[PDB]
Structures are given as structure tokens and as C-alpha cells.
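Just the one chain here, the form deposited in one PDB entry, laid out as C-alpha cells.
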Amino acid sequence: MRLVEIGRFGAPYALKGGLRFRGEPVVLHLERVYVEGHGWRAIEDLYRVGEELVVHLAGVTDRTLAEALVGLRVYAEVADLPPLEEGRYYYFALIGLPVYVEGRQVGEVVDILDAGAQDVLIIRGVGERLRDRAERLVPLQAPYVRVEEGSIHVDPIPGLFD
């Protein structure tokens, strides 16, 4: 199993326990989500209203139960996500993956950034110079980069991870 953050609940919507959901539209394809500090909750219903998305969780049947979950992070089990085509990735799911070079862990993905024509992994990890440690950048789609289910492997390019 592996949980990845897909969003956070906003304020309750209407009176039956529905909650605004702020985060990934992929939630529309799920049947359950793990709620921070509370455990799995089956999704009983969800829908769009204008540009918002509202989720109804099993057992969250009024505003009082809903308020207890406002602001909490929401997670998906990776195995639950619709499979993507080759060469495509769920960015939110890459966050937190350990990054290795020749089998030695050199850091972990903390975010993904845009550098015009390519998506770039932001990695926190090693470095001879302190300022290079927290913002090391590696192009996600580079041929010297290999994304696997639970880790990312990068070739020992000279001057990449110094």
C-alpha cells in the first residue's frame, strides 16, 4: 500500500454532510479516501457545483460531522488510481518518493516544477554546498531518469548530484 495526498476538505456544503474538496480531480474516480487522523471513508457521492467539487463520505451526514473534517488532508491508495498511459504520471504521487543513484539514496522528491518545455523534480537531499541540498532539480522525463513504483533512479551524471 502507499497513500498519496490528493487534496484537503474546505467548508461543509449545504446541510447533509457534503464537504467542499480542494485538490485533484482524480477524486472523481475513487470509491474511498483516507482522511488525515480518521481512517478510510467510503465516498457515497460526489459532484461538481460550478467550479467546486463536493464529496459525501459514509457516516458524514450533517454539518456537525462535516465540520470535524474541515481542513484535513485527503489521501488515495496508489493502487486505486486509474492507470495512465506510458510516459504519463500523477505528479501528486511522485512527491515523497526516495531518489537513488547507483543504489545509494540521494534524496526524496518534495515537489515538481515547470521549466518551460519540461517538468522538473525538486529533490531535497545530499550536497557538498549547503544551498544545493533542498532545491536540487532533475527533469522528470530525462532519459537518465527512471521512475519505478516506489522510487526514482537516476544515472550518476557528472555534476548532477554533487
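Numbers for residues come from their place in the sequence shown, where the first is 1. Only the largest set of C-alpha atoms that superpose within 1.5 Å between the two forms is called the rigid core.
Annotation for 58-66 versus 90-98: the higher mean temperature factor (C-alpha) is found in 58-66. The mean Cα B-factor in the deposited entry runs higher for 110-118 than for the other of 110-118 and 41-49. Among the modelled residues of its chain, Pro12 has a C-alpha B-factor that falls in the lowest third according to the deposited record. Compared with the other modelled residues of the chain, the Cα B-factor recorded for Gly103 ranks in the highest third. Ranked by Cα temperature factor within the chain, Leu19 sits in the lowest third according to the deposited record. Residue-level temperature factors show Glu135 in the highest third of its chain, judged at the C-alpha atom. In this PDB entry, the Cα temperature factor of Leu72 sits in the middle third of its chain's modelled residues.
Another form, the form deposited in another entry, is not on view; read the next lines as being about it.
Once you line up the core between the shown form and the other one, the CA of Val126 is the only one from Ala68, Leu28, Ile43, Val126 that shifts by 2 Å or more. The Cα position of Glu52 differs by less than 2 Å between the shown form and the other one after fitting on the rigid core.
Core-superposed comparison between the shown form and the other one: CA of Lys16 displaced by less than 2 Å. Legend note: Cα of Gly116 to Cα of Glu24 is at least 3 Å closer in the other entry than in the depicted form. Relative to what is shown, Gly116 and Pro83 are closer in the other entry; their C-alpha atoms differ in spacing by at least 3 Å.
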